[PDB]
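Undergrad: this one's sequence-less:
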Ligand code: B12
Ligand code: SF4
Ligand code: SF4
């Protein structure tokens with residue numbers, strides 16, 4: 001007894017910015033739309049595939065009785081700007097500044113569980129953060145962490161949407177928290193700011209057209225999204241920056257600004273090894289360097305950076321990574337606005353190895369009236 005007050009006490013003790021409680025009752029109100037996302041092809045592929053495991057918490061535990069939702073806030077503005085150099089910089093979502101949230105939160109949930117082991121008997125748990133089967137977002141709503149916006153995210157009054165979420169499924173009998181009075185209203189800002197219009201209106205999405213996805217999808221980024229990621233080479237925050245509830249927050253926790261706003265051409269020099277050493281700790285490193293270097297080439301093209309030309313030419317001639325080659329060929333068509341005869345001969349004189357490079361090459365050629 002007074003576990004709920006005791007938990008809350010040790011929560012804030014170990015850096016958890018908010019905590020909530022809810023039943024292990026299933027979530028079949030979601031079924032309908034989860035299944036419709038998959039059938040309509042609006043799913044990314046990152047989602048847990050088994051829909052049953054997604055809505056029935058007992059499939060993850062059995063002895064499930066309550067679920068404890070945690071939230072850890074993160075800064076969205078940079079404490080200290082990075083220092084101007086020769087090299088232009090891209091941006092990379094604050095969701096991925098500093099240590100990979102997955103590790104941070106799993107550590108916090110471990111501590112919370114160890115601190116509960118002491119104050120009861122027969123305690124049973126199952127921790128999740130992002131990579132688990134539950135809908136992290138809907139759990140935090142039932143637990144009154146915040147409400148789900150039209151942008152799909154969980155929004156708190158206190159810390160905005162700039163929170164990482166987690167869950168500790170458990171066999172404890174505990175008083176559910178309330179939920180929240182505040183919502184969206186007739187706000188619509190996010191819906192109108194999304195540069196792809198992926199958001200459907202009801203907190204639901206064609207994720208396939210989210211730029212956050214596009215920056216993480218493997219392969220060749222479709223033409224439409226290249227221009228639109230501007231210089232943001234990982235994630236998208238547009239639907240949160242445009243949100244009233246984020247209007248005036250700064251939040252607590254360590255950030256290297258050079259990892260948060262990386263210099264692009266030096267970034268393109270990284271190997272698997274140097275990439276691991278320097279970037280391996282952030283969330284955005286979970287698929288390796290290649291998707292990021294592709295994106296960086298795109299950023300350089302979006303900046304029309306004449307200083308990248310020689311590097312792009314090196315990527316193309318070496319051709320050890322075809323996605324990069326094809327992206328670079330495109331990038332030259334963007335950067336070199338008035339090509340000299342020498343450049344027309346360079347371009348005319350490539351004969352792309354593979355189909356994606358061939359495709360991008362044909363387009364530049366056509367654009368340059370070759
Ligand atoms: C797959 C995934 C993605 C994909 C797909 C995004 C998406 N919206 O589905 C991509 C790569 C695009 C993505 C992007 C981002 N994501 Co992500 N993503 C996930 C992941 C692993 C699973 C997503 C999932 O379960 N799909 C849910 C889809 C299928 O459901 P749906 O049909 O849209 O359902 C919506 C409705 O049911 C609605 N719903 C619930 N309550 C209510 C109430 C009412 C009345 C109504 C009508 C509807 C409604 O909410 C659901 C979505 O939130 C989750 C973690 C997790 N396991 O939950 C993180 C998660 C959702 N992502 C997270 C983050 C931070 C992001 C980004 C902000 C990262 C960035 N800065 O770029 C973006 C923003 C995109 C966005 N607008 O949601 C955080 C959200 C943070 C928060 N505080 O809410 C989560 C919770 C991870 C975490 N542990 O923090 N993500
Ligand atoms: S992250 Fe960007 S692209 Fe994705 S929904 Fe939000 S605004 Fe739209
Ligand atoms: S922008 Fe407005 S509509 Fe969108 S989530 Fe924020 S509050 Fe809701």
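TA: Great, that's in hand. Numbering: from 1, shown residues only. Ligands and ions are numbered 1, 2, ... in the order given.
Undergrad: for residue 72, list the residues it contacts.
TA: 15, 16, 17, 101, 104, 105, 108, 163, 164, 166 (C-beta atoms under 8 Å, 6 or more residues apart in numbering). Any C-beta I mention is one placed from the backbone N, CA and C, and that applies to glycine too.
Undergrad: how about residues contacting stretch 233-247?
TA: Residues from elsewhere that reach stretch 233-247 (C-beta under 8 Å, 6+ apart): 76, 90-96, 149, 151-153, 155-157, 160-162, 187, 189-190, 192-195, 199, 210-212, 215-216, 229, 262, 264, 284, 292, 295-296, 298-299.
Undergrad: weed out the non-buried ones from the contacts of residue 72.
TA: Buried members of those, scored by 16 or more other C-beta atoms under 10 Å, are 16, 17, 101, 104, 105, 108, 163, 164, 166.
Undergrad: among the contacts of stretch 233-247, name the buried ones.
TA: 76, 90-96, 149, 151-153, 155-156, 160-162, 187, 189-190, 193-195, 199, 210-212, 215-216, 229, 262, 264, 284, 292, 295-296, 298-299.
Undergrad: just checking: which of those residues also lie near ligand 1?
TA: On the criterion C-beta under 6 Å from any ligand atom, 93, 95, 151, 152, 153, 161, 210, 212, 216 are the entries of these that sit beside ligand 1.
Undergrad: gap between the closest residue in space to residue 292 that isn't next to it in sequence and ligand 1?
TA: Leaving aside its sequence neighbours, residue 292 sits nearest to residue 233 (C-beta to C-beta, 6 or more residues apart in numbering; 5.9 Å). Per C-beta to the nearest ligand atom, to the nearest Å, residue 233 is found 11 Å from ligand 1.
Undergrad: what count of nearby residues applies to residue 233?
TA: Per other C-beta atoms under 10 Å, the neighbour tally for residue 233 reads 27.
Undergrad: could you measure from it over to residue 149?
TA: Residue 233 sits at a distance of 25 Å from residue 149 (criterion: C-beta to C-beta, to the nearest Å).
Undergrad: how about residue 337?
TA: Taken as C-beta to C-beta, the span from residue 337 to residue 149 is 40 Å.
Undergrad: what's the answer for residue 82, then?
TA: 30 Å.
Undergrad: check residue 95 too.
TA: 16 Å.
Undergrad: how about the residue of the stretch 1-150 of the chain found nearest ligand 3, what does it touch?
TA: Nearest residue of the stretch 1-150 of the chain to ligand 3: residue 149, at 2.7 Å (C-beta to the nearest ligand atom). By C-beta under 8 Å, 6+ apart, residue 149 lies in contact with 155, 161, 184, 190, 203, 243, 245.
Undergrad: tally of neighbours for the last one?
TA: It stands for residue 245. For residue 245, using other C-beta under 10 Å, the count is 22.
Undergrad: how about it, secondary structure?
TA: Following DSSP: H, G, I helix; E, B strand; the rest coil, residue 245 is assigned to helix.
Undergrad: check residue 221 too.
TA: coil.
Undergrad: would you confirm that it contacts residue 298?
TA: Yes - Residue 221 is within contact range of residue 298, at 6.8 Å (criterion: C-beta atoms under 8 Å).
Undergrad: what residues do these two have in common as contacts?
TA: Going by C-beta under 8 Å, 6+ apart, residues that sit against residue 221 and also against residue 298 are 229, 327.
Undergrad: which parts of the stretch 151-300 of the chain sit against ligand 3?
TA: Contact residues, the stretch 151-300 of the chain versus ligand 3 (C-beta under 6 Å from any ligand atom): 151, 184, 187, 188, 189, 190, 242, 243, 244, 245.
Undergrad: go on, the stretch 1-150 of the chain?
TA: Applying C-beta under 6 Å from any ligand atom, one finds that the stretch 1-150 of the chain approaches ligand 3 through 149, 150.
Undergrad: what ranges do the helices span in the stretch 1-150 of the chain?
TA: 3-13, 28-40, 51-55, 101-117, 136-142 (DSSP state H, counting those that start in this stretch).
Undergrad: for the ones you listed, which one sits closest to residue 171?
TA: Proximity to residue 171, assessed across the helices of the stretch 1-150 of the chain by C-beta to C-beta, is greatest for helix 101-117 (10.8 Å).
Undergrad: could I get the buried residue list for that closest one?
TA: Result for helix 101-117 [16+ other C-beta under 10 Å]: buried residues 101, 104, 105, 106, 108, 109, 111, 112, 113, 115, 116.
Undergrad: what distance separates it from the centre of its chain?
TA: Counting by C-alpha atoms, centre = their mean, to the nearest Å, helix 101-117 is centred 22 Å from the centre of its parent chain.
Undergrad: just checking, what packs against that helix?
TA: Under the contact definition 3 or more C-beta pairs under 8 Å, 6 or more residues apart in numbering; DSSP states H and E, helix 101-117 sits against helix 3-13, strand 66-73, strand 125-128, strand 163-170.
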